[PDB]
Structures are given as C-alpha cells and as structure tokens.
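Here the structure is laid out as structure tokens; the discussion comes afterwards.
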Amino acid sequence: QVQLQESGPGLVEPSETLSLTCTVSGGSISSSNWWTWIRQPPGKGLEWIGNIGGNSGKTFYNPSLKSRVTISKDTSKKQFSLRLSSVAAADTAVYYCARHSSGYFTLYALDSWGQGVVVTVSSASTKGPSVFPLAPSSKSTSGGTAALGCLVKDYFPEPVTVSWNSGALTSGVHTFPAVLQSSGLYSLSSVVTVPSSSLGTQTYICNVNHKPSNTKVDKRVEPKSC
Amino acid sequence: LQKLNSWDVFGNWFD
Amino acid sequence: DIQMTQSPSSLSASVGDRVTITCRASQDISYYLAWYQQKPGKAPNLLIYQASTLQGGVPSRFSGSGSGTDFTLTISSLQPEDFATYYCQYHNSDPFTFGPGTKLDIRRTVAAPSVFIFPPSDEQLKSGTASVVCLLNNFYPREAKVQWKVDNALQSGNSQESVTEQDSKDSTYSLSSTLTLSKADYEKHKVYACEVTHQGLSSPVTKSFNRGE
C-alpha cells in the first residue's frame, strides 16, 4: 500500500526557512488520509507538527508552531510538504512524514512513516569526514577473532552511515553513535570482528556515506607494515 | 482555533 | 487540551516475560489511544490503535487495553528484539499528543567485555592529531568504567565514549572510548593503556601498547 519517501536539507541556518517534501506511492494524495509531519528533538520524544486532509486540504497545526508552519500538497506530483519559517537552534530535530489513516467519522493512527531526515539548525558549515583505519593487530585479536574498523572523524552535520564490503558484511559489525567534539565536529567509529585466519585473504572495506556533503568514501582496512 | 472533529473527518472523504 | 504521561519511564525485563506499561491521559479520550514502537535510529512502528486493535503485520504478543484515561500495552513472550522506546498517542484530534515514551531494555546474565586497543594510524598522525581507540565488545550490563593511562599517568578531560544499542539477539552492548592528543604530545610518551572495570570482571583489565611497535 502507501509508502513514503522524505527529502530535504540536513542543515539550515538560523532565521532561514526549512522545507521538507514527502513523496507518496501506492495511493493518491487526494484521499481520505491526513498527511502528517512529526519531529523528534535530540534526546526527546515525538511531537506532532500538523497535518493536511488529502481531499479537503484542511490543515491543523501544533499551537507551539502554528505561526511558522505551513503544510501543502500537490496531487499531480504525488507529494506533500512542510515549511517551517524563522528556524532557530531549538528546531534541530529528526523530521518525519507520516500517513494518518481515517475512518468515516474518527481517525485511526500513523500506520506509515517516512524514514526521517536529520535537520540541524546552525551557522556552521557542512564538512565531510576524514576516514582513518583501525587496523587489526595482535592487540585487537582474541582467540581466532580479530577486530578492525574505521574512525570517521571531523564531519558536520549528522548523520553518517557506514557499511562493510558494500553491505555483504553485517555479522559482528558495531557502528557507534557519534560524539560531538569540542571543535563542534562529530566523530564516530565502526568496528567489525572477523576470523583472524581471514586477514591474509579477505579484503575489508568500510563504505562511509555523508549525505549532507554528498560524500561517499570507501576505505580499505589492512594490518599495518610496522 | 478550530479543532479537528467528526465533520472534518467526514468532509475529507469528498472529492 | 490533552496531557499524556507514561509509567514507568524505563524498565528492564527478561526474555519470556509478560510485561505491562501504562499511559494516562489528563482527560477522557474514549478508546482513541495508539501505541508505537521506536527502535534507535528508526521511524516508529504502529502496534495498536483504538486502544486494543492490533495493527496488521504486528506480532500476536502485543496487546492493549483501556478506555477513558488509563491504558496499558502488554508484551507477552518478550523477545530479545523487543527492546525499544514505546510511545502512546491520542490519535483522534489535535494536537494528537504523544506520551513521553517508556524505554524497555532486555535483561540477561552478566557478560564481561572483550577489550581491544587501537593506536593512531600513521595517516592521522600526518595531520597532526592522534586518536587512540579502546573497544569493549559484547558485555552486560551497560555500566562500565574506562580509564586511560599514559606512561602510568591517569588521564582526564581528553577522551569521549559512545555505547551501541542492545544487540537484538544476545542483548549485549559494546562501547568505544577515544583518547585524543596532539601528534607532538603523543610522540612524547611510550605506553598507552586502557583500563576497564565491569561487573563481570574479577579485577580491572588493562590493554596497552608501546608507541611504535
């Protein structure tokens, strides 16, 4: 049935306007659904922003945002949109689109959701990561197990994603939440444990994706040469 | 400001 | 309009348990209560709406009850992948208020960490900074203490740490601690060591290396 794909910028500067768009497949915008926007500030719970009736175009907005929020829809483009004007640091949040299903006289709930867009409000500039290897060695080996990884450092804003060998290596992978350094940039590590007997035969490559900078970087991770 | 009620739900079935 | 509260704010339970969490509305909301599961880093998933209607595709072990102001979500036969934050929501009129969430962790037997240390790469050193990484793998409970020592001098103020979410099968955590120094400071010292204390360890574990080996 309905599937939702969200789009929009990862970084907005204060006092500017944030715009997000959701593209719908499996159904018409013009329908008894209420197309919805939700956000989640860092460390906090979920907050309903507002909705728009797919057929009627009636909009409802959260009173803590209504003067700055506008929701609109375009059936011929299979999309609906959110505009948040005069953004401030407190609008930093993950933003979601969702489908609120309806009955004839009462509503059901948010049964379909977009994947979320991480939005940061800041005057700092976007910066892609530097990727450094965490090489396997004797001091990263336990039994027949070796740990290795990638240090993804000095990027802004969130998020980055990491896969290993294009997603063919998932067992034993740990990608840690990012920390905010005193420089104002983020840093995370991704590690994987593998058979020690594979270091001489198998290639290990971390694929780092930072969409706010359109950065994709593949880093080979090998034992050192001392 | 107006609140979403059963008339709004019902009206959104038309067109 | 509507204020929503949830209780407890967090809990742990064991695999196989039947666990109940609660939601209360500050006003009568009839049965127009929904429950969502939110995994770390993901959009929420609807579990229940109209207080007790199970959404299609959701496992049979989730159920809800209640009407008026007091509601409950019950997870029977609790599974290790059921760790999450659970949110209630008034789903029939604005502002469709969500509760504050209830964080559910899965309880298991104590497991000591495997500890690994990574010297800075030559690449990073060329840039003038040195990051030393200490990794604690697959331990339980979450609480661990990592102390850095450089030539047997306790460090403070120059490291940060991060912890993964629970593993959806074995319910363990992993933790990464990074010590950050300048290239020049890093080249002034020999022995770099991560010291780890944890409920599953009889004495602290120290993993170390000599710079340039």
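Residues are referred to by chain and number: the chain letter is A, B, ... according to the order shown in the structure tokens, the number counts from 1 in that chain, and ligands are numbered separately from 1 in the order shown.
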All helix (DSSP H, G or I) positions in chain B, as an mmCIF file with N, CA, C and O atoms, in the first residue's frame:
data_model
loop_
_atom_site.group_PDB
_atom_site.id
_atom_site.type_symbol
_atom_site.label_atom_id
_atom_site.label_comp_id
_atom_site.auth_asym_id
_atom_site.auth_seq_id
_atom_site.Cartn_x
_atom_site.Cartn_y
_atom_site.Cartn_z
ATOM 1 N N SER B 6 -15.486 15.315 13.909
ATOM 2 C CA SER B 6 -16.013 14.278 13.018
ATOM 3 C C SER B 6 -16.480 14.890 11.693
ATOM 4 O O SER B 6 -16.433 14.230 10.649
ATOM 5 N N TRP B 7 -16.919 16.145 11.693
ATOM 6 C CA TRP B 7 -17.275 16.762 10.418
ATOM 7 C C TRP B 7 -16.051 16.940 9.522
ATOM 8 O O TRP B 7 -16.126 16.775 8.297
ATOM 9 N N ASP B 8 -14.913 17.296 10.106
ATOM 10 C CA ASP B 8 -13.692 17.402 9.309
ATOM 11 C C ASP B 8 -13.255 16.036 8.775
ATOM 12 O O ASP B 8 -12.799 15.920 7.628
ATOM 13 N N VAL B 9 -13.345 14.992 9.606
ATOM 14 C CA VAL B 9 -13.001 13.652 9.140
ATOM 15 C C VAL B 9 -13.900 13.293 7.965
ATOM 16 O O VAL B 9 -13.437 12.913 6.892
ATOM 17 N N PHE B 10 -15.198 13.491 8.132
ATOM 18 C CA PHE B 10 -16.153 13.092 7.113
ATOM 19 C C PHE B 10 -15.968 13.914 5.856
ATOM 20 O O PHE B 10 -16.011 13.369 4.751
ATOM 21 N N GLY B 11 -15.742 15.228 6.009
ATOM 22 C CA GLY B 11 -15.587 16.079 4.842
ATOM 23 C C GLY B 11 -14.412 15.659 3.989
ATOM 24 O O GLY B 11 -14.412 15.896 2.779
#
Quiz item: chain A residues within 7 Å of chain C, counting only C-alpha atoms: which ones, as a PyMOL selection string?
Solution: chain A and resi 45-48+62+106-111+113+115-116+132-134+139-140+176-177+179+226
Using only C-alpha atoms, I'd like every residue of chain A that has an atom within 6 Å of chain B; please write them out as a short mmCIF file (atom, residue, chain, number, x, y, z; two decimals) with N, CA and C atoms, in the first residue's frame.
data_model
loop_
_atom_site.label_atom_id
_atom_site.label_comp_id
_atom_site.auth_asym_id
_atom_site.auth_seq_id
_atom_site.Cartn_x
_atom_site.Cartn_y
_atom_site.Cartn_z
N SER A 32 -8.77 10.02 1.62
CA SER A 32 -9.27 10.30 2.97
C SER A 32 -8.15 10.30 4.01
N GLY A 53 -5.59 17.42 5.16
CA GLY A 53 -6.54 16.44 4.64
C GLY A 53 -6.29 16.21 3.14
N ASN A 55 -7.99 15.08 0.71
CA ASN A 55 -9.04 15.54 -0.18
C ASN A 55 -9.46 16.97 0.12
N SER A 56 -9.72 17.31 1.38
CA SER A 56 -10.30 18.61 1.69
C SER A 56 -9.27 19.73 1.70
N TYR A 104 -14.71 6.83 8.78
CA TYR A 104 -15.69 7.79 8.27
C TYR A 104 -15.86 9.00 9.18
N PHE A 105 -15.85 8.82 10.49
CA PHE A 105 -16.07 9.92 11.43
C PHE A 105 -14.99 10.08 12.50
N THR A 106 -14.10 9.11 12.63
CA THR A 106 -12.99 9.16 13.56
C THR A 106 -11.74 8.72 12.80
#
Quiz item: What gap, in Å, lies between CA of residue 18 (chain A) and CA of residue 40 (chain A)?
Solution: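 Computing the Euclidean distance for CA of residue 18 (chain A) and CA of residue 40 (chain A) yields 15.3 Å.
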Practice problem: For region 109-111 of chain C, list every protein, DNA or RNA residue within 9 Å, evaluated using only C-alpha atoms, and leave out those in the same chain fewer than 3 positions away; present the list as a list in words. | Solution: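 Contacts, in chain order: residues 138, 139, 140, 141, 172, 199, 200 and 201 of chain C.
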Selection file, N, CA and C atoms, as a PDB file, in the first residue's frame:
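Wrote part-v7.pdb, looks like this:
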ATOM      1  N   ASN C 138      30.634  -6.594  23.474  1.00  0.00           N
ATOM      2  CA  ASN C 138      29.643  -7.622  23.810  1.00  0.00           C
ATOM      3  C   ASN C 138      29.594  -7.932  25.306  1.00  0.00           C
ATOM      4  N   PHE C 139      29.218  -6.919  26.085  1.00  0.00           N
ATOM      5  CA  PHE C 139      29.169  -7.024  27.533  1.00  0.00           C
ATOM      6  C   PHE C 139      27.763  -6.659  28.034  1.00  0.00           C
ATOM      7  N   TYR C 140      27.523  -7.000  29.309  1.00  0.00           N
ATOM      8  CA  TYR C 140      26.271  -6.727  30.011  1.00  0.00           C
ATOM      9  C   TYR C 140      26.561  -6.782  31.507  1.00  0.00           C
ATOM     10  N   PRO C 141      26.059  -5.847  32.313  1.00  0.00           N
ATOM     11  CA  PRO C 141      25.197  -4.729  31.966  1.00  0.00           C
ATOM     12  C   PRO C 141      25.948  -3.584  31.268  1.00  0.00           C
ATOM     13  N   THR C 172      23.589  -7.882  24.344  1.00  0.00           N
ATOM     14  CA  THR C 172      24.774  -7.226  24.876  1.00  0.00           C
ATOM     15  C   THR C 172      24.936  -5.804  24.313  1.00  0.00           C
ATOM     16  N   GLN C 199      31.180  -5.230  36.023  1.00  0.00           N
ATOM     17  CA  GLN C 199      30.641  -6.194  36.973  1.00  0.00           C
ATOM     18  C   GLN C 199      31.115  -7.612  36.689  1.00  0.00           C
ATOM     19  N   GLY C 200      31.313  -7.968  35.420  1.00  0.00           N
ATOM     20  CA  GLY C 200      31.723  -9.285  35.015  1.00  0.00           C
ATOM     21  C   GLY C 200      33.206  -9.569  35.109  1.00  0.00           C
ATOM     22  N   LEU C 201      34.007  -8.620  35.595  1.00  0.00           N
ATOM     23  CA  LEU C 201      35.450  -8.785  35.706  1.00  0.00           C
ATOM     24  C   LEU C 201      35.831  -8.852  37.175  1.00  0.00           C
TER      25      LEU C 201
END
Practice problem: Can you work out which one of A:143, A:1, A:152, A:82 has the shortest atom-to-atom distance to residue 22 (chain A), counting only C-alpha atoms? | Solution: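 Looking only at the distances to residue 22 (chain A), the closest residue turns out to be A:82.
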Exercise. Could you give me, as a PyMOL selection string, the residues within 12 Å of region 65-67 of chain A, counting only C-alpha atoms and dropping anything in the same chain fewer than 3 positions from it?
Key: (chain A and resi 37-39+47-51+59-62+70-71+82-88+90-91) or (chain B and resi 1) or (chain C and resi 95)
Could you write out the selected residues, including N, CA and C atoms, as an mmCIF file, in the first residue's frame?
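And here is the file that came out, again.cif:
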data_model
loop_
_atom_site.group_PDB
_atom_site.id
_atom_site.type_symbol
_atom_site.label_atom_id
_atom_site.label_comp_id
_atom_site.auth_asym_id
_atom_site.auth_seq_id
_atom_site.Cartn_x
_atom_site.Cartn_y
_atom_site.Cartn_z
ATOM 1 N N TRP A 37 3.176 15.581 9.560
ATOM 2 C CA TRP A 37 4.577 15.814 9.867
ATOM 3 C C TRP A 37 4.764 15.718 11.377
ATOM 4 N N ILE A 38 5.829 15.043 11.772
ATOM 5 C CA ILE A 38 6.192 14.746 13.151
ATOM 6 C C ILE A 38 7.666 15.095 13.299
ATOM 7 N N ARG A 39 8.078 15.573 14.467
ATOM 8 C CA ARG A 39 9.506 15.721 14.716
ATOM 9 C C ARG A 39 9.901 15.155 16.066
ATOM 10 N N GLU A 47 6.800 14.698 18.628
ATOM 11 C CA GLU A 47 5.984 15.906 18.655
ATOM 12 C C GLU A 47 5.247 15.978 17.318
ATOM 13 N N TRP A 48 3.919 15.923 17.354
ATOM 14 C CA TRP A 48 3.123 16.186 16.157
ATOM 15 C C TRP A 48 3.229 17.656 15.721
ATOM 16 N N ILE A 49 3.483 17.885 14.440
ATOM 17 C CA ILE A 49 3.631 19.237 13.897
ATOM 18 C C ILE A 49 2.342 19.731 13.261
ATOM 19 N N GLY A 50 1.761 18.939 12.371
ATOM 20 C CA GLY A 50 0.487 19.293 11.778
ATOM 21 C C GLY A 50 0.127 18.281 10.706
ATOM 22 N N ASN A 51 -1.039 18.495 10.090
ATOM 23 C CA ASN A 51 -1.473 17.601 9.026
ATOM 24 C C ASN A 51 -2.253 18.404 7.998
ATOM 25 N N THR A 59 -6.023 22.131 7.041
ATOM 26 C CA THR A 59 -4.781 21.969 7.792
ATOM 27 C C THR A 59 -5.024 22.246 9.271
ATOM 28 N N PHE A 60 -4.288 21.512 10.111
ATOM 29 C CA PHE A 60 -4.275 21.643 11.564
ATOM 30 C C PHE A 60 -2.824 21.655 12.012
ATOM 31 N N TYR A 61 -2.489 22.497 12.992
ATOM 32 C CA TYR A 61 -1.100 22.727 13.369
ATOM 33 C C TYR A 61 -0.944 22.708 14.881
ATOM 34 N N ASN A 62 0.205 22.280 15.334
ATOM 35 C CA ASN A 62 0.519 22.291 16.749
ATOM 36 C C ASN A 62 0.627 23.736 17.209
ATOM 37 N N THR A 70 3.636 25.696 7.663
ATOM 38 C CA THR A 70 2.675 25.628 6.573
ATOM 39 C C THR A 70 2.831 24.238 5.976
ATOM 40 N N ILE A 71 1.728 23.517 5.770
ATOM 41 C CA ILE A 71 1.732 22.204 5.127
ATOM 42 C C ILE A 71 0.903 22.317 3.855
ATOM 43 N N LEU A 82 6.242 20.363 4.011
ATOM 44 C CA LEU A 82 6.276 21.153 5.230
ATOM 45 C C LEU A 82 7.193 22.336 5.009
ATOM 46 N N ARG A 83 6.760 23.518 5.464
ATOM 47 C CA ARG A 83 7.548 24.743 5.512
ATOM 48 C C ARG A 83 7.581 25.199 6.969
ATOM 49 N N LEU A 84 8.786 25.341 7.512
ATOM 50 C CA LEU A 84 8.986 25.891 8.850
ATOM 51 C C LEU A 84 9.834 27.148 8.704
ATOM 52 N N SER A 85 9.232 28.313 8.888
ATOM 53 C CA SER A 85 9.971 29.554 8.702
ATOM 54 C C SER A 85 10.645 29.976 10.008
ATOM 55 N N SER A 86 11.629 30.871 9.880
ATOM 56 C CA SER A 86 12.305 31.511 11.003
ATOM 57 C C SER A 86 12.873 30.487 11.971
ATOM 58 N N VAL A 87 13.607 29.507 11.425
ATOM 59 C CA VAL A 87 14.076 28.403 12.245
ATOM 60 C C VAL A 87 15.099 28.943 13.235
ATOM 61 N N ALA A 88 15.195 28.267 14.379
ATOM 62 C CA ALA A 88 16.126 28.559 15.452
ATOM 63 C C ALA A 88 16.804 27.249 15.847
ATOM 64 N N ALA A 90 16.461 25.534 18.412
ATOM 65 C CA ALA A 90 15.525 24.592 19.022
ATOM 66 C C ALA A 90 14.726 23.787 18.002
ATOM 67 N N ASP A 91 14.717 24.184 16.730
ATOM 68 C CA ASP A 91 14.091 23.348 15.715
ATOM 69 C C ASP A 91 14.975 22.202 15.243
ATOM 70 N N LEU B 1 -8.810 28.303 18.064
ATOM 71 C CA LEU B 1 -8.720 27.914 16.659
ATOM 72 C C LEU B 1 -9.406 26.563 16.453
ATOM 73 N N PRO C 95 -3.927 18.236 19.573
ATOM 74 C CA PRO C 95 -2.636 18.118 18.871
ATOM 75 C C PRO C 95 -2.080 16.687 18.899
#
Quiz prompt | Expected answer as an NGL selection string: strand (DSSP E) residues in region 38-144 of chain A | solution = :A and (38-40 or 47-53 or 59-61 or 69-74 or 79-84 or 93-102 or 107-113 or 117-121 or 130-134 or 141-142)
